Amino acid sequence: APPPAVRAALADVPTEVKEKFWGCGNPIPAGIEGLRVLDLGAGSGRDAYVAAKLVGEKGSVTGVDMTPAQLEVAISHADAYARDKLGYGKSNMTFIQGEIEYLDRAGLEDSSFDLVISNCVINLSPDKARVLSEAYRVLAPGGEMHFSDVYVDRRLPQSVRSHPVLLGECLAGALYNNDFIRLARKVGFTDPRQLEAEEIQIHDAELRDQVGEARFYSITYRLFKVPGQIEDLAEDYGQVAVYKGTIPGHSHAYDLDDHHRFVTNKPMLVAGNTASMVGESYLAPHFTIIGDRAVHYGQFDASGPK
């Protein structure tokens, strides 16, 4: 169950582009008309094709993949998709060959993307930290890394690590969610936000035994970049946010994350972080912020000392 816009856009993506994809989600955010999107690990192009639509004719998408076979599928269907299905003059997609760890080697410049998206390929990175820090480098201010991947509620035993088989799909090398958060924050994503999580029921029964009581999740994370603004606690500057109702397919309400649902025209008290995420990012044209950060009031939703 993807949002209607994503299902509508999927109906029209070349069967072959979809059949050849494999992923744990549909990580294209709402609100991206006219923006530039980088799709990490684009494979055969399902997610890039969907984005190419949702950003409109004036937005664009870049897909980076490791495998030439997968590339050539994304490339061969581009023009025809963009022309007949989207009715664009030409494809607004560019697929390039690369390693997600080395966006600099792929020629991707600082601040050249508004969104970085990914679908269940980061657990396979040999250098998670580099992919994260590269995402961070190629994002423009007020941009976001928005991506889905598989996590665990605890650290897997070393035993399970380097010798699983392939196991699960990449369930080996799925991190303890809080360890992921830590790594994101070392790189400058100070307050990752969980948009939604689904427990992945394991059901192999023989794998059950290998993992103990480990619980696995498919989580879509939101990693906003707002330099100088994003803090590691909810801090209280007395700001108020009002979602104006203008994000297509979200006229009644908008979920920033699973703890923050904004109802159209209903003001809500927010912390600095959240005010930055909805009002200083690419989402900002759809929100009003009342207040600012000239006066600090303390920690938000919590008393002072003890």
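Just count from 1 along the sequence shown to find any residue number.
Student: So which stretch wins on mean C-alpha B-factor, 247 to 255 or 269 to 277?
Tutor: So the stretch with the higher mean C-alpha B-factor is 247 to 255.
Student: Averaging the C-alpha B factors as listed in the entry, name the stretch that ends up higher: 148 to 156 or 67 to 75.
Tutor: Taking the mean B-factor of the alpha carbons in each, 67 to 75 is higher.
Student: Among 202, 184, 195, 131, which residue carries the highest C-alpha B-factor recorded in the PDB entry?
Tutor: Comparing C-alpha B-factors across 202, 184, 195, 131, the top value belongs to 202.
Student: Quick one: which of 135, 175, 124, 233 shows the highest Cα temperature factor in the PDB entry?
Tutor: That would be 124, according to the entry.
Student: Just say lowest, middle or highest third for the CA B-factor of residue 168 relative to the other modelled residues in its chain.
Tutor: Ranked within chain, residue 168 CA B lands in the highest tercile.
Student: Please say which third, lowest, middle or highest, residue 210 falls into when its CA temperature factor is compared across its chain.
Tutor: Highest third, going by the recorded CA B-factors of the chain.
Student: Among the modelled residues of this chain, does the Cα B factor of residue 89 put it in the lowest, middle or highest third?
Tutor: Its C-alpha B-factor, which the entry lists for residue 89, ranks in the highest third among residues of this chain.
Student: What third of the chain does residue 295 rank in for C-alpha temperature factor, lowest, middle or highest?
Tutor: Its C-alpha B-factor, which the entry lists for residue 295, ranks in the middle third among residues of this chain.
Student: Taking the chain's C-alpha temperature factors as the reference, tell me which third residue 218 falls into: lowest, middle or highest.
Tutor: Within its chain, residue 218 is a middle-third residue by C-alpha B-factor, going by the deposited values.
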